[PDB]
Amino acid sequence: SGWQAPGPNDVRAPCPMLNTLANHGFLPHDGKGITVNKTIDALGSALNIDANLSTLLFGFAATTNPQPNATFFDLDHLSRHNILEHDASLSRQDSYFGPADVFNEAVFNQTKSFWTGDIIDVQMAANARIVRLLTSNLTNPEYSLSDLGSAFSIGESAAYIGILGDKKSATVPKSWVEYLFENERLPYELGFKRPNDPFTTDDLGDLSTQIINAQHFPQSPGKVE
Ligand code: HEM
Ligand SMILES: *[C@@H]1O[C@H](CO)[C@@H](O)[C@H](O)[C@H]1NC(C)=O
Ligand SMILES: *[C@@H]1O[C@H](CO)[C@@H](O)[C@H](O)[C@H]1NC(C)=O
Ligand SMILES: c1ccc(-n2ccnc2)cc1
Ligand SMILES: [Mg+2]
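Cut-off values and rules
- For every chain, the first residue of the written sequence is numbered 1, i.e. counting runs from 1 onward, and this need not coincide with the entry's numbering; residues without coordinates are not included.
- The order in which chains are written sets their letters, starting at A; the order in which ligands are written sets their numbers, starting at 1.
- Water and hydrogen atoms were dropped before computing side-chain values, which therefore reflect all heavy atoms in the structure.
- When we say a residue is near a molecule or strand, we mean one of its heavy atoms is within 4 Å of it.
- For this analysis, a polar contact is any N or O atom pair within 3.5 Å, provided that within protein one partner can donate a hydrogen and the other can accept it, and provided that sequence-adjacent residues contribute only side-chain to side-chain pairs.
- Under the DSSP-based scheme used, a helix requires at least four consecutive residues in state H or I and a strand at least two consecutive residues in state E, with every element numbered from the N terminus.
- Any residue outside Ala, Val, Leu, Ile, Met, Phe, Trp, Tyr, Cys, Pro, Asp, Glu, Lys and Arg is labelled polar, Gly included; the first ten of those are nonpolar and the last four are charged.
- Two rings from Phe, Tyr or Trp (for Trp, the six-membered ring) form a pair when their centres sit within 6.5 Å of each other. Planes less than 30 degrees apart are called stacked, planes more than 60 degrees apart edge-to-face, and all others tilted.
- Each residue's exposure class comes from its accessible area (1.4 Å probe, protein chains only) as a fraction of the maximum for that residue type: buried when under 20%, exposed when over 50%, partly exposed otherwise.

In the PDB header, X-ray crystallography is given as the technique by which the entry was determined, and 1.6000 Å as its resolution.

Structure (structure tokens):
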């Protein structure tokens, strides 16, 4: 009741949240044929994402469809390397090593080790992302991070805090974030509840700026902001 794993003809993304929303049936369970209206309704219904932010994200998503000027995308279109998908993901390996769409325990064990308390704050989120960037640069001879990929990286850490947790305190319970990643299911039973206030483009930008301000390199090595 309310959740089904994907089956052999379903497609999934490198996005733990869209995967979770397909598993629940907010998005089509097969991951296919997602339009702007399905995106607005799904992200609104499940998470209280506002329409303008949903439309922005949809605009990016549609660029991954191999069909030009497409009005839909499928979740596996999002896995195409270096369109939106990028190196130094928190829970996916880099494309160079292996498929960059599915959960990777080794990678997620690294991320988790930088979430040092029961409550994730901006500092811990920023620190986990940093070590992923540096690790990929020092281990992946094809490491790359485009301007768009860097903006995505920073906004994905902002998103788990502000969409799953409390955008005002900029904190989220660690257990909730680990449950989302490890299960691709919303952690309702751990306490998650859809927020009453919409999550906006400005909310995402505000948390993204917080993430960057929590970075304290003596000297920045490559693309970090
Ligand atoms: C239409 C909406 C969305 C699109 C098009 C989208 C797209 C993507 C893509 C392409 C990635 C992979 C980037 C990479 O290589 O790591 C990703 C990662 C991610 N997304 Fe989404 N996303 C959407 C909505 C959301 C929402 C609503 C959340 C809320 C929590 C979210 C949280 C994340 C997180 C946390 C990651 C990072 C995964 C990792 O680093 O392992 N996304 N998303
Ligand atoms: C991830 O950590 C778990 C928990 O300590 C461990 O059992 C597992 O072997 C680790 N996986 C990798 C590939 O490091
Ligand atoms: C990887 O590290 C090098 C050496 O600091 C840096 O010049 C480069 O910009 C980094 N690559 C990315 C994509 O950040
Ligand atoms: C710009 C910045 C971040 C994102 N994003 C957030 C979570 N998944 C994708 C999408 C566009
Ligand atoms: Mg990636």
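### Some thoughts on the site of ligand 1
Around ligand 1, a shell composed of 22 residues is seen, among which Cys15, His86, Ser89, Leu90 and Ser91 lie nearest. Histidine 86 places a main-chain nitrogen or oxygen 2.9 Å from an oxygen atom of ligand 1. The separation between an oxygen atom of ligand 1 and a polar main-chain atom of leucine 90 is 2.7 Å. Secondary structure elements with two or more residues in the shell around ligand 1: α1 (16-24), α2 (36-47), α3 (51-62) and α6 (147-164). When the residues that make up the shell around ligand 1 are grouped by side-chain class, the tally is 15 nonpolar, four polar and three charged.

### Observations concerning the packing of aromatic side chains
The tally for this structure, following the rule as stated, stands at nine aromatic pairs. The interplanar angle of 80 degrees and the centroid separation of 5.3 Å between the aromatic rings of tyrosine 96 and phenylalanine 97 together place this pair among those described as edge-to-face. The class for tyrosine 96 is partly exposed, based on a relative accessible area of 41%. Classification of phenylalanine 97 as partly exposed rests on a relative accessible area of 44%. Grouping aromatic residues by their ring pairs yields a cluster made of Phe103, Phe108, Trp115, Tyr160 and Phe181.

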